[PDB]
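S.K.: So I've got this experimental structure, pasted below with the sequence.
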Amino acid sequence: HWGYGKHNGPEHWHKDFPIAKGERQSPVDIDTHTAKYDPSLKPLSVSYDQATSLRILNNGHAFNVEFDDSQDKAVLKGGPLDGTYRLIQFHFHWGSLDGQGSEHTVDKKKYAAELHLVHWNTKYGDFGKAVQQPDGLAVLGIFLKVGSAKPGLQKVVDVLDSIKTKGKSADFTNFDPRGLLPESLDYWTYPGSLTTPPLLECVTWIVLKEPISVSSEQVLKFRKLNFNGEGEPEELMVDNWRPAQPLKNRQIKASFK
Ligand SMILES: Cc1ccc(S(N)(=O)=O)cc1
Ligand SMILES: Cc1ccc(S(N)(=O)=O)cc1
Ligand SMILES: [Zn+2]
C-alpha cells in the first residue's frame with residue numbers, strides 16, 4: 001500500500017519499513033566537491049552484448065523491462081565490484097515537470113528522470129538471496145535531461161500505450177539496453193539501498209556522471225502512464241522518486257580525476 005502520494009509516500013514508508021531511517025539509505029545528494037577520486041577502483045565493465053530482454057511490466061510504481069537472468073548474458077563487473085553482477089531489469093523514476101524526477105542529485109541539482117539498471121551478485125545464486133547480503137546488488141544509475149531525443153529509448157516509449165495501467169505487461173524481446181548509455185562511463189559510487197520499499201541495504205550504487213538526453217516528447221509519454229489499475233480513477237504516474245536521504249557515515253568515491 002506504499003506509494004508516492006501525500007498519504008502513502010516517502011514520509012510514511014518508515015512505519016512499515018523501519019529501515020527507511022537506516023544508516024545506508026538511498027538516494028543521496030552527490031556533493032561533487034566532497035567526493036574523492038579513488039585510484040583503487042578497477043575499470044568498469046558493462047557487458048550487455050548478449051542481453052535477452054523478455055517483457056515490460058507496469059507494476060503500479062514504475063515500469064520494468066525484464067531480462068533473462070538464468071545465465072551470464074548481460075553483466076556488470078569491475079569498478080568497485082567484486083565478482084559478477086547479472087542484469088535482471090531496468091526501470092526509471094521521473095517527474096511531473098522537467099525540473100524534478102531524479103532520485104540522486106548532483107550538488108542538489110535534480111534531473112528530469114533517472115534510469116536504474118538493476119543487477120544481482122551471482123555468488124548468491126538468485127535475486128532473493130542477494131537481497132539478504134550487504135553486497136547483493138549493483139545498480140547502475142543514469143540521469144536523464146530533456147533535450148535531443150534518445151534513439152535507443154524510442155522502442156520503450158512506443159510500447160507504453162499497451163501497459164498504461166497497473167498489472168499490464170507486454171512482450172519486449174530483442175531490446176538492446178546499450179542504447180540507453182551515455183558516451184562516458186565516469187561515475188560516482190557509494191554503498192546504499194533500494195530506493196523503494198522494502199528499502200533493503202544491499203546495493204552498491206554506481207551513478208554515471210554524464211546524463212543522457214531524451215526529448216520532451218519522450219518524457220511526456222512516461223507521464224501518461226497510470227499508477228492505478230484498469231477501470232479505476234486515473235492517477236498519472238508522475239513523481240515516482242524518493243528524495244535524497246542522510247549520507248551518515250558514508251564516502252562517495254569518484255572514478256575520475
Ligand atoms: C546501441 C549500441 C551503441 C554502441 C555500441 S558499441 N560500444 O559497440 O559502439 C553498441 C551498441
Ligand atoms: C525490487 C527493487 C529493485 C530496484 C530498486 S531501485 N529503485 O533501488 O533500483 C527498487 C526495488
Ligand atoms: Zn529505481
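M.R.: Alright, I've got the coordinates. Numbers count the residues shown, from 1 in each chain. Ligands and ions are numbered 1, 2, ... in the order given.

S.K.: give the contact list for the residue lying closest to residue 42 once chain neighbours are set aside.
M.R.: Leaving aside its sequence neighbours, residue 42 sits nearest to residue 78 (C-beta to C-beta, 6 or more residues apart in numbering; 4.7 Å). Yep, even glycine has a C-beta here, placed from its N, CA and C like the rest. For residue 78, the contacting residues are 42, 43, 44, 45, by C-beta atoms under 8 Å, 6 or more residues apart in numbering.

S.K.: For those residues, which entry has the maximal number of neighbours?
M.R.: residue 44 (19 neighbours; other C-beta atoms under 10 Å).

S.K.: show me what contacts the nearest residue to that one once chain neighbours are set aside?
M.R.: Using C-beta to C-beta, 6+ apart and skipping the chain neighbours, the partner closest in space to residue 44 is residue 79 (4.0 Å). Residues near residue 79 by C-beta under 8 Å, 6+ apart: 41, 42, 43, 44, 45, 187, 189, 206, 255.

S.K.: Pull up the gap between residue 79 and residue 195, please.
M.R.: 20 Å (C-beta to C-beta, to the nearest Å).

S.K.: any idea how far the closest residue to residue 215 other than its chain neighbours is from ligand 2?
M.R.: The shortest distance from residue 215 to any non-neighbouring residue, by C-beta to C-beta, 6+ apart, is to residue 149 (3.8 Å). When distance is defined by C-beta to the nearest ligand atom, to the nearest Å, residue 149 is 24 Å away from ligand 2.

S.K.: Equivalent analysis for residue 150, please.
M.R.: The gap separating residue 150 from ligand 2 is 19 Å, by C-beta to the nearest ligand atom.

S.K.: before we move on, what about residue 8?
M.R.: Distance, residue 8 to ligand 2, by C-beta to the nearest ligand atom: 16 Å.

S.K.: show me what contacts that residue?
M.R.: So residue 8 contacts 1, 2 (C-beta under 8 Å, 6+ apart).

S.K.: and the contacts of residue 79, which two are the farthest apart?
M.R.: 45 and 189 (14.1 Å; C-beta to C-beta).

S.K.: coming back round to it: and the residue nearest to residue 42, what are its bridge partners?
M.R.: Residues in a beta bridge with residue 78, per DSSP bridges, are residue 44.

S.K.: wait, does stretch 126-142 contact ligand 2?
M.R.: Yes. Residues of stretch 126-142 contacting ligand 2 under C-beta under 6 Å from any ligand atom: residue 139.
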